[PDB]
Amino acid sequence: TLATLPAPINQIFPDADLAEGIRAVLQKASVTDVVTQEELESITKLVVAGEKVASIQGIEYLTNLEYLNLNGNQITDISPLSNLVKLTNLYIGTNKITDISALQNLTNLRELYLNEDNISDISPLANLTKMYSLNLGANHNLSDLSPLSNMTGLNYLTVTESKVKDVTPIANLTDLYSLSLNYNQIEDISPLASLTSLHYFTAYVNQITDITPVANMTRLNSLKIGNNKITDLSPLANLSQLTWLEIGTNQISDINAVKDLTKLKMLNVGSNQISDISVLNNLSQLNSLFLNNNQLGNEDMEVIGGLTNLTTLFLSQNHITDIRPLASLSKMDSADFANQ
């Protein structure tokens, strides 16, 4: 029916790397070989990753395409994707994409990665309400997340290394299971109190002073929020399922709140102002403990000596001169202090 076909692969796909990918998926001998409409409509999955694709002109003929991976190329213009409405999985990270207007009608998209592109306007994502997993990582000039607000089925989200301050649109995404907000400009996470299904949360290297909303994330399993301005850990006190906790490089002086977190296997509180760790006697299941660059002394060593399942223990640059109570730590593999 489509007058432009049948035609040689390199007539339809002017980009050499994309033409090579079409040749390879259809197992043709050469990019000069003729392809029919029927053969192009047989492609449901295309992977042309880590090449030098500079134009995706011709991809508009792959009308039955559902899965497309064009990771690591030199793509700038994605307009030929505009009518590929059967797309469910689209991986176009590590390219030179700025304008994502062409994604606006791709309402069947479930997984979309745009990591390490140069996108600042994500308004074309507004009607992609079937989104399950989204990656906007390392879009350094992104700041406005308001077009994400209608993605109520979103389970996975990454927004990193950007100008994002306001996380209010993310409050609507209550099906979120895993969320990354690493290295942004976030001061206030109070709207995130609505993320009651969150099990994995990472937001290291921000300007966060208050973790009160984290008390709502009752099923939280892992929390990584180092390099912030946190002082109060009391919102973590009832997170019974917490197993991995990284909150180093903050302004914490009291860790009493970890007393009942009996599932904790990893505790990183390095580079804080902690002088008492008597609550650790209850956390006998710990395997890795980072207490370096705190205000501990010789009297605090007896409690660490009781944590016999420790395989990693960091204690450098405190005020310790006698480590003899640590002689009982028989599973030790890594310890940032020279003696033993």
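Quick note: we count residues from 1 along the sequence shown, nothing fancier.
Per the PDB record, of the two stretches 215 to 223 and 117 to 125, 117 to 125 carries the greater mean B-factor over its C-alpha atoms. When 45 to 53 is weighed against 268 to 276, 45 to 53 comes out higher, by mean CA B-factor as recorded in the entry. Looking at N250, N83, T158, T202, the one whose CA carries the top B-factor in the deposited record is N83. Taking the PDB entry at face value, the top CA B factor among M131, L142, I230, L245 belongs to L142.
Sort the modelled residues of the chain by CA B factor and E299 lands in the lowest third. Sorting the modelled residues of the chain by their CA temperature factor places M332 in the highest third. When the modelled residues of the chain are ordered by C-alpha B-factor, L68 sits in the middle third. The PDB entry assigns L313 a C-alpha temperature factor belonging to the lowest third of its chain's modelled residues.
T152: CA B factor in the highest third of modelled residues in this chain (values from the PDB entry).
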